[PDB]
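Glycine gets a Cβ as well: all are built from the backbone with ideal geometry, and neighbour counts include every protein chain shown. Just so it is clear, none of the values below were taken in a lab; they were calculated from the coordinates.
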């Protein structure tokens, strides 16, 4: 153990069958899929807010990868230095780039 | 479940 587990300053969870379905019941504006990470909250001082994301979207891809759950997003943040998550807004797809930070307690 | 990942 020396340098591992990056830091982006954001909370994400694995959209389980329960939650994934709970969203469709509440906000009837999400696709018919059940794979991807859900954004919980973002700290006012992190690459997340600086990159151009929000705590009301859903991750799916990253730097040319397919994410399904939070566990998948984590390894990516610590595996890839450059993160390129695509977020769909309105009726067009957009590419978001966020660079994590290094930190060790 | 929740399962929050503060990454």
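Could you identify the single residue in A:73, A:86 that is surrounded by fewer than 16 Cβ atoms within 10 Å (Cβ to Cβ), outside any loop (DSSP other than H, G, I, E, B) and either on the phi > 0 side of the Ramachandran plot or within 10 Å of the chain's Cα centre (by Cα) (or both)?
Going through A:73, A:86 in turn, the sole match is A:86.
Could you please let me know if residue A:45 is free of Cβ contacts under 8 Å to residues at least 40 places away in the same chain and either within 10 Å of chain B (Cβ to nearest Cβ) or touching a helix residue (DSSP H, G or I) at 6+ places or on another chain (Cβ under 9 Å) (or both)?
no
Every residue in segment A:13-33 that is within 14 Å of chain B (Cβ to nearest Cβ), surrounded by fewer than 18 Cβ atoms within 10 Å (Cβ to Cβ) and in a loop (DSSP other than H, G, I, E, B), please.
A:16, the sole residue that qualifies.
Which one of the conditions (1) out of contact with any strand residue (DSSP E or B) (no Cβ under 8 Å at 6 or more places or on another chain); (2) exposed (fewer than 11 other Cβ atoms within 10 Å of the Cβ); (3) outside any loop (DSSP other than H, G, I, E, B) does residue A:95 fail to meet, given that it meets all the rest?
(1)
Given the residues A:59, A:39, A:10, which is the only one that is touching a residue at least 12 places away in the same chain (Cβ under 8 Å), facing another protein chain (nearest Cβ under 10 Å) and touching a strand residue (DSSP E or B) at 6+ places or on another chain (Cβ under 7 Å)?
The unique qualifying residue is A:10.
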